[PDB]
């Protein structure tokens, strides 16, 4: 129903999906440079996945804090300079991210390195950090642009050929950014009136096209599509015999984490109904409507 056992690669996949490596630069006249510099490792989940966050914190030796983030989410954060260098850098240096977020990790590392020698407390170290920050995530705020107009952003790392490092990386990535979809489509030709469809789908910004492409190869099925509405891609599997013979047995062994694991189990029950051909009877169709109801957004 709910799964929180953690393997290093699953952690990496989950953070590739859900994590952020952040640097705040805050105006504050009480500091010698005029600015306060903070590095933050963050991951946020829906409140129904608190158990997952508590596992993550245990996984990182009990460091950091879990707090309400928005109406129905909770953050796990590490923001001690010292603890990030001691615990978090060595983990991600050994077990590395493979999406574009690796670029942000590596700039973030560099900041921490500067913070390590307290250079952040100097005019020069500060400027270097402003340059690093300018290329992390959303870049400089209006306030920072204005205060450091001469800042050249540091070139974003060019990290190529990033292969899926381990099957558990995929279980973790899918836990954050994947979907086990059950679809009922009105149909004029099926006797029962609706076609039951199972779709496995991974969503990701087009910046990671190469990685999305390599999933077809890695899973030996599926295809890639572009969202009409902006720079986002789906890796999709709709072919039921691929769902039965490739997707389902993969995630049976490399388990989804967090409550999405329950949704995967329910998706597998639908698949069984379909495998037995009972989806083409009113009874079978109604079992599937009831499973669907309680999965994903229907789950209590």
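Numbering follows the first chain given and starts at 1.
Query raised in the report: Per the entry, where is the mean C-alpha temperature factor higher: 30-38 or 260-268?
Result: Taking the mean B-factor of the alpha carbons in each, 30-38 is higher.
Query raised in the report: Mean CA B-factor: is it higher for 12-20 or for 277-285?
Result: 277-285 has the higher mean C-alpha B-factor.
Requested in this report: Tell me, please, which of 187, 203, 99, 196 has the highest C-alpha B factor according to the deposited entry?
Outcome: The listed residue with the largest C-alpha B-factor is 187.
Query raised in the report: Of the options 78, 106, 112, 147, which has the highest CA B factor as deposited?
Result: Within the set 78, 106, 112, 147, 147 shows the top C-alpha B-factor.
Report task. Compare the C-alpha B factor of residue 176 with those of the other modelled residues in its chain, then answer lowest, middle or highest third. Result -> Lowest third - that is where residue 176 ends up once the chain's C-alpha B-factors are sorted.
Query raised in the report: Taking the C-alpha B-factors as the PDB entry records them, is residue 236 in the lowest, middle or highest third of its chain?
Result: Lowest third.
Query raised in the report: Taking the entry's C-alpha B-factors for this chain, is residue 163 in the lowest, middle or highest third?
Result: Answer is highest: the recorded C-alpha B-factor places it there.
Query raised in the report: When the modelled residues of the chain are sorted by Cα temperature factor, does residue 69 land in the lowest, middle or highest third?
Result: Highest third - that is where residue 69 ends up once the chain's C-alpha B-factors are sorted.
Query raised in the report: residue 129's Cα B-factor: lowest, middle or highest third of the chain?
Result: CA B-factor rank for residue 129: middle third.
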